[PDB]
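Have a look at my_file.txt; it's compact mmCIF, N, CA and C atoms:
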```txt
# COMPACT_ATOMS: atom_id res chain seq x y z
N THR A 4 -15.99 7.50 -8.29
CA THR A 4 -16.56 6.11 -8.10
C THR A 4 -15.67 5.33 -7.11
N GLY A 5 -15.38 5.95 -5.96
CA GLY A 5 -14.83 5.28 -4.77
C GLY A 5 -13.36 4.92 -4.93
N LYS A 6 -12.68 4.58 -3.86
CA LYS A 6 -11.23 4.37 -4.04
C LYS A 6 -11.02 2.91 -4.46
N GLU A 7 -9.92 2.73 -5.11
CA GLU A 7 -9.49 1.57 -5.85
C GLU A 7 -8.90 0.62 -4.84
N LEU A 8 -9.14 -0.68 -5.10
CA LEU A 8 -8.54 -1.72 -4.28
C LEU A 8 -7.26 -2.24 -4.94
N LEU A 9 -6.36 -2.68 -4.10
CA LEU A 9 -5.10 -3.28 -4.52
C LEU A 9 -4.94 -4.64 -3.81
N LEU A 10 -4.28 -5.54 -4.48
CA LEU A 10 -3.82 -6.78 -3.89
C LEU A 10 -2.38 -6.64 -3.41
N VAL A 11 -2.11 -6.99 -2.18
CA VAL A 11 -0.73 -7.00 -1.64
C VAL A 11 0.02 -8.24 -2.10
N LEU A 12 1.15 -8.07 -2.78
CA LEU A 12 1.93 -9.15 -3.37
C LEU A 12 2.94 -9.72 -2.37
N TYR A 13 3.41 -8.95 -1.41
CA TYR A 13 4.47 -9.35 -0.49
C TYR A 13 4.18 -8.82 0.88
N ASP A 14 4.50 -9.58 1.90
CA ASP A 14 4.53 -9.08 3.28
C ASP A 14 5.52 -7.89 3.34
N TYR A 15 5.14 -6.88 4.08
CA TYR A 15 6.00 -5.67 4.23
C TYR A 15 5.76 -5.10 5.58
N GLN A 16 6.82 -4.98 6.39
CA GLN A 16 6.73 -4.32 7.71
C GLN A 16 7.14 -2.85 7.53
N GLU A 17 6.40 -1.96 8.14
CA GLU A 17 6.74 -0.54 8.12
C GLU A 17 8.18 -0.39 8.63
N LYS A 18 8.95 0.50 7.94
CA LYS A 18 10.33 0.80 8.33
C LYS A 18 10.49 2.27 8.67
N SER A 19 9.47 3.08 8.65
CA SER A 19 9.56 4.51 9.04
C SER A 19 8.21 4.95 9.52
N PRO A 20 8.10 6.08 10.22
CA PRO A 20 6.81 6.53 10.73
C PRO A 20 5.73 6.75 9.65
N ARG A 21 6.12 7.09 8.42
CA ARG A 21 5.17 7.34 7.33
C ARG A 21 4.66 6.07 6.67
N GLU A 22 5.29 4.94 6.91
CA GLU A 22 4.98 3.69 6.23
C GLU A 22 3.86 2.94 6.99
N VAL A 23 3.39 1.84 6.40
CA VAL A 23 2.37 0.98 7.05
C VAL A 23 2.76 -0.44 6.74
N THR A 24 2.34 -1.35 7.65
CA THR A 24 2.58 -2.79 7.48
C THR A 24 1.39 -3.45 6.77
N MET A 25 1.75 -4.37 5.91
CA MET A 25 0.73 -5.13 5.14
C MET A 25 1.22 -6.57 5.00
N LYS A 26 0.24 -7.45 4.72
CA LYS A 26 0.52 -8.89 4.58
C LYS A 26 0.15 -9.33 3.15
N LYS A 27 0.90 -10.25 2.57
CA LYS A 27 0.58 -10.85 1.26
C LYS A 27 -0.90 -11.30 1.29
N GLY A 28 -1.60 -10.98 0.22
CA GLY A 28 -3.00 -11.39 0.09
C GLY A 28 -3.97 -10.40 0.65
N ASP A 29 -3.53 -9.40 1.41
CA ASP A 29 -4.42 -8.35 1.87
C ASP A 29 -4.97 -7.59 0.65
N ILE A 30 -6.18 -7.10 0.86
CA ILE A 30 -6.83 -6.19 -0.07
C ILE A 30 -6.89 -4.84 0.58
N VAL A 31 -6.11 -3.88 0.01
CA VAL A 31 -5.91 -2.56 0.64
C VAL A 31 -6.49 -1.52 -0.29
N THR A 32 -6.79 -0.36 0.31
CA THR A 32 -7.41 0.75 -0.44
C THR A 32 -6.31 1.77 -0.87
N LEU A 33 -6.30 2.08 -2.13
CA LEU A 33 -5.33 3.10 -2.64
C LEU A 33 -5.80 4.48 -2.23
N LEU A 34 -4.90 5.25 -1.62
CA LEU A 34 -5.19 6.66 -1.30
C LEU A 34 -4.46 7.63 -2.23
N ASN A 35 -3.23 7.33 -2.62
CA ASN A 35 -2.45 8.30 -3.43
C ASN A 35 -1.39 7.52 -4.20
N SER A 36 -1.45 7.59 -5.53
CA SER A 36 -0.49 6.93 -6.42
C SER A 36 0.29 7.97 -7.27
N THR A 37 0.36 9.20 -6.81
CA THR A 37 1.08 10.25 -7.58
C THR A 37 2.59 10.01 -7.64
N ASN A 38 3.13 9.32 -6.70
CA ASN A 38 4.58 8.98 -6.69
C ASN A 38 4.78 7.65 -7.37
N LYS A 39 5.76 7.48 -8.22
CA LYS A 39 5.96 6.22 -8.97
C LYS A 39 6.56 5.16 -8.07
N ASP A 40 7.19 5.53 -6.95
CA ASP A 40 7.92 4.59 -6.11
C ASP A 40 7.16 4.19 -4.84
N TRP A 41 6.43 5.09 -4.23
CA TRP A 41 5.73 4.90 -2.94
C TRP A 41 4.28 5.29 -3.12
N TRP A 42 3.38 4.37 -2.77
CA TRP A 42 1.93 4.66 -2.84
C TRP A 42 1.37 4.72 -1.42
N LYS A 43 0.44 5.62 -1.18
CA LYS A 43 -0.22 5.71 0.12
C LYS A 43 -1.47 4.83 0.06
N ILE A 44 -1.62 3.98 1.07
CA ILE A 44 -2.73 3.01 1.16
C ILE A 44 -3.33 3.11 2.54
N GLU A 45 -4.54 2.50 2.63
CA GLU A 45 -5.23 2.21 3.89
C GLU A 45 -5.35 0.69 4.08
N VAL A 46 -4.92 0.27 5.20
CA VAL A 46 -4.96 -1.16 5.61
C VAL A 46 -5.71 -1.11 6.93
N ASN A 47 -7.06 -1.35 6.84
CA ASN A 47 -7.92 -1.17 8.00
C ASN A 47 -7.82 0.14 8.76
N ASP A 48 -7.48 0.12 9.96
CA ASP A 48 -7.49 1.35 10.77
C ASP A 48 -6.20 2.12 10.53
N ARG A 49 -5.31 1.66 9.62
CA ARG A 49 -4.00 2.32 9.49
C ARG A 49 -3.82 2.79 8.06
N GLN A 50 -3.01 3.85 7.94
CA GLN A 50 -2.71 4.40 6.59
C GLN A 50 -1.19 4.71 6.52
N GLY A 51 -0.66 4.63 5.34
CA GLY A 51 0.75 5.02 5.11
C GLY A 51 1.25 4.55 3.81
N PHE A 52 2.56 4.83 3.60
CA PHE A 52 3.20 4.52 2.35
C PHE A 52 3.86 3.14 2.31
N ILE A 53 3.79 2.55 1.15
CA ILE A 53 4.47 1.29 0.84
C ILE A 53 5.07 1.37 -0.54
N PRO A 54 5.98 0.47 -0.89
CA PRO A 54 6.53 0.42 -2.22
C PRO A 54 5.48 0.08 -3.25
N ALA A 55 5.33 0.85 -4.26
CA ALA A 55 4.33 0.67 -5.31
C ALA A 55 4.49 -0.69 -5.96
N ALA A 56 5.68 -1.22 -6.08
CA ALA A 56 5.95 -2.49 -6.77
C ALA A 56 5.30 -3.66 -5.99
N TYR A 57 5.01 -3.46 -4.72
CA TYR A 57 4.59 -4.57 -3.85
C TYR A 57 3.05 -4.73 -3.82
N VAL A 58 2.34 -3.95 -4.60
CA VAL A 58 0.86 -4.01 -4.68
C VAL A 58 0.46 -4.01 -6.12
N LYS A 59 -0.72 -4.54 -6.40
CA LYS A 59 -1.22 -4.58 -7.77
C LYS A 59 -2.67 -4.06 -7.77
N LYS A 60 -2.96 -3.16 -8.68
CA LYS A 60 -4.30 -2.60 -8.81
C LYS A 60 -5.24 -3.71 -9.28
N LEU A 61 -6.42 -3.67 -8.68
CA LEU A 61 -7.55 -4.54 -9.07
C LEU A 61 -8.51 -3.62 -9.88
N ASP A 62 -8.17 -3.34 -11.09
CA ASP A 62 -8.95 -2.42 -11.99
C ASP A 62 -10.49 -2.60 -11.84
```
Output the structure of this file as structure tokens.
Amino acid sequence: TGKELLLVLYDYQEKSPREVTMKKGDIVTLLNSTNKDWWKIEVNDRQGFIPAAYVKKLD
């Protein structure tokens, strides 16, 4: 039933090639939450990892 949306809690600039930048208040798509520390998301045309603590699932 489609990928889950998350709310971005904090602005975050990518710090490595695998990461992605996001802005507070963005609604991003969860791609992979298997890691407890880093989740893979889609933020429009871009995808990458961010700190799991900095996003909240919109169940």
If we count only N, CA and C atoms and set the cut-off at 6 Å, which residues sit around segment 26-34 of chain A, ignoring sequence neighbours fewer than 3 positions away in its own chain? Please answer as a list in words.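 Surrounding residues, per the criterion: residues 6, 7, 8, 9, 10, 11, 12, 13, 14, 15, 43, 44, 45 and 46 of chain A.
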Contacts of segment 16-24 of chain A within 6 Å, only N, CA and C atoms, excl. fewer than 6 positions in-chain, as a PyMOL selection string: chain A and resi 50-53
Find the distance between atom CA of residue 4 of chain A and atom CA of residue 42 of chain A and write it in Å to one decimal.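 Result for atom CA of residue 4 of chain A versus atom CA of residue 42 of chain A: 19.3 Å, one decimal.
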Taking only segment 4-59 of chain A into account, list the residues labelled strand (DSSP E) by DSSP (computed from the backbone), as JSON, numbers by chain. {"A": [8, 9, 10, 11, 30, 31, 32, 33, 34, 35, 41, 42, 43, 44, 45, 46, 49, 50, 51, 52, 53, 54, 58, 59]}
Take atom C of residue 48 of chain A and atom C of residue 5 of chain A and report the distance between them in Å, one decimal.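 Interatomic distance, atom C of residue 48 of chain A to atom C of residue 5 of chain A: 17.3 Å.
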What's around residue 40 of chain A at 6 Å? Count all atoms listed in the file, leave out sequence neighbours fewer than 5 positions away in its own chain, and write the answer as a short mmCIF file (atom, residue, chain, number, x, y, z; two decimals) with N, CA and C atoms, in the frame of the given file.
```cif
data_model
loop_
_atom_site.label_atom_id
_atom_site.label_comp_id
_atom_site.auth_asym_id
_atom_site.auth_seq_id
_atom_site.Cartn_x
_atom_site.Cartn_y
_atom_site.Cartn_z
N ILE A 53 3.79 2.55 1.15
CA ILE A 53 4.47 1.29 0.84
C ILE A 53 5.07 1.37 -0.54
N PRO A 54 5.98 0.47 -0.89
CA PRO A 54 6.53 0.42 -2.22
C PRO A 54 5.48 0.08 -3.25
N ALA A 55 5.33 0.85 -4.26
CA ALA A 55 4.33 0.67 -5.31
C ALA A 55 4.49 -0.69 -5.96
N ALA A 56 5.68 -1.22 -6.08
CA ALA A 56 5.95 -2.49 -6.77
C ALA A 56 5.30 -3.66 -5.99
#
```
